[PDB]
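Encoded as structure tokens, the following chain is the form deposited in one PDB entry, with no partner shown.
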């Protein structure tokens, strides 16, 4: 049926329902006026004028501009192919746009695209208070270290982490431990000194220092001194991830590293 003809035009030749029905009628009857198209098709009378005129622009029909516009269809063997030929031409240029767009994006993204692979955030600053939260974040730093692990503990750490440290040390992580001499007695049964005496890590001690810290690679962990709170194990501690800041702390640690007696 003609339904098939109409259906084919809409899908592959960019003609709408009315425009489709129109062209089919044109080929069928040869020459038609807007008024005639309404009687020999299903196209609404009021639309027959802009529909045929629309076809006039797309190149499907020819016209006689007058009081009574006459329209005749172009040979379907002609229009149907030029459409494809043009359609192939429009797709080619549309392709060119996609490639140039790709190159630009790959150019703009080059500086932005980085091997950053979190490790959740995105967050370079974290506030920890609880004893539970203090330990969990402490383990993450050690169990994720890759280059160096620097520790300056004066008893602000809630729990001993010998195993968490050794777990990293055995992973090929260079480690430096600095402790207050009022902590050494607590390390007699702990077998970290073994790694120290065996030279698997460096362990020194100092009488006192007012800037405890835990440096793990680009991350650093310290507390906002409030001795009243530390006793209640609710002291506020801050985690910061930045090479500029850590680079600064590393200098202080090196400062503390000296003047320290080897255990």
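Numbering follows the first chain given and starts at 1. Take the two forms, find the largest set of C-alpha atoms that superpose within 1.5 Å, and that set is the rigid core.
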property: 71-79 set against 161-169, stretch whose average Cα temperature factor tops the other in the entry; result: 161-169
property: Mean temperature factor over C-alpha atoms, higher-scoring stretch between 180-188 and 93-101; result: 180-188
property: Highest-ranked of 211, 220, 206, 51 once sorted by CA temperature factor in the record; result: 206
property: Deposited CA B-factor, highest of 122, 142, 84, 131; result: 122
property: Cα B factor band for residue 152 (lowest, middle or highest third within the chain); result: middle
property: Lowest, middle or highest third - CA B-factor, residue 65; result: middle
property: Relative C-alpha B-factor of residue 136, binned into the chain's lowest, middle or highest third; result: middle
property: Third assignment of residue 196 from its chain's C-alpha B-factors; result: highest
property: CA B-factor placement of residue 56, once the chain's modelled residues are sorted into thirds; result: lowest
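The same protein also exists as the form deposited in another entry; that form is not shown, yet it is the one meant from here on.
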query: Rigid core fit then residue 246 CA moved by 2 Å or more between the shown form and the other one; finding: no
query: Is_shifted residue 197 between the shown form and the other one (CA, 2 Å cut-off, rigid core); finding: no
query: Post core alignment: residue 83 C-alpha displaced by 2 Å or more between the shown form and the other one; finding: no
query: Relative Cα spacing, residue 158 and residue 149, in the other form - shift of 3 Å or more; finding: closer
query: Direction of the Cα shift between residue 159 and residue 125 in the other form, where the change is 3 Å or more; finding: farther
